[PDB]
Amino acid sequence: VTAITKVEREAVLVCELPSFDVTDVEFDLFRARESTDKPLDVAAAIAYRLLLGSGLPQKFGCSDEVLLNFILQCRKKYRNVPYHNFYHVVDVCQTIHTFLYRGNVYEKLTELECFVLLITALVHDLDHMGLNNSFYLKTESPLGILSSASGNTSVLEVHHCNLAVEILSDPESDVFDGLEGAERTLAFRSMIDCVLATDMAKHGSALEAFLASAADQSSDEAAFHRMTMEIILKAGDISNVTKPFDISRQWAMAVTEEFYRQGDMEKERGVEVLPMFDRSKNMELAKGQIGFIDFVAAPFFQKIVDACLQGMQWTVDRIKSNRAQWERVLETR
């Protein structure tokens, strides 16, 4: 892992993002990517602007140069895949910013925990290859065998944590270097707990633990804070359907193409190909989006807003608007 050069930093620093408010719930990362021929630089500049605008790095002795080094060390470890690329983790970072500051979830957390969530967003899918946990287990790939042998089925989430620790192990990219003792431990533990909680196999149990803690006025304070962090990174990771309909749609097309490529590899490998991953089933976007809204996203966002996070009401409102827009697509087909 080479040091970040001055030249790589300079190429981010020249990006000015004219006409973009990176803090707005209607910010459009696709419009931002279309706005220049250096979209990776614009993406990095968005993450940089969000982290500095929070005012958090400054307070924890993270310099502007170490912050930018961290962002470019994260960027180098994302792959050219259609969905789980740098644009996704920048999107999750921007979305968490909106939940924290537009949704007032910052009131539930310390400044350190807010800083950790914004940083965690950028590490949470490091070196994703566009294949899910199931692909590794079904194909008995080396990484799959290692996960089974060691007793952790979160194949990708554990691998993502390993590369986060590797980045933070150099002071030149350690955004937590200004911390020590209990604060530094909490930074690393909560980052790792949050990334491990993004495994969708734990979705139901993560959501039930958070709601049981939110409903309990005698909940352990440290445990409530940790579960709030976990739920906010999960919220960010499944936020595509909370965005304006055309943003929501371009994300769903990116997901679908990634799923199709996995199904192509499962096919040429003779393993089970779910319908969702099958090119030749030509399954309807509108039906997929409504299915995901009805069974996963609307109940998740409705329950966390009602339990505790009232300031995130807009997420529930937009999912409702997006579900009616998809119903109009079906109605007019």
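Take the two forms, find the largest set of C-alpha atoms that superpose within 1.5 Å, and that set is the rigid core. Residue positions are given as counts along the sequence shown, with the first one as 1.
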Query raised in the report: Taking C-alpha RMS after core alignment, which stretch differs more from the shown form in 8 other deposited structures of this protein: 280-288, or 31-39?
Result: 280-288
Query raised in the report: Mean C-alpha B-factor higher for 5-13, or for 313-321?
Result: 5-13
Query raised in the report: Got a sec? Mean C-alpha B-factor, which is higher, 70-78 or 111-119?
Result: 70-78
Report task. Could you check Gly151, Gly103, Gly204, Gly236 and tell me which one carries the biggest Cα B-factor in the deposited entry? Result -> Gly151
Query raised in the report: Out of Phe300, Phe60, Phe30, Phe292, which residue has the highest Cα temperature factor in the PDB record?
Result: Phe30
**Report entry** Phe99, C-alpha B-factor rank within chain (lowest, middle or highest third)
**Finding:** lowest
Report summary line: Quick tally, chain-level thirds of C-alpha B-factors: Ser141 sits in the highest
Query raised in the report: What third of its chain, lowest, middle or highest, does the C-alpha temperature factor of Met229 fall into?
Result: lowest
Report summary line: Quick tally, chain-level thirds of C-alpha B-factors: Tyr260 sits in the highest
**Report entry** Chain third (lowest, middle, highest) by recorded CA B-factor, residue given as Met276
**Finding:** highest
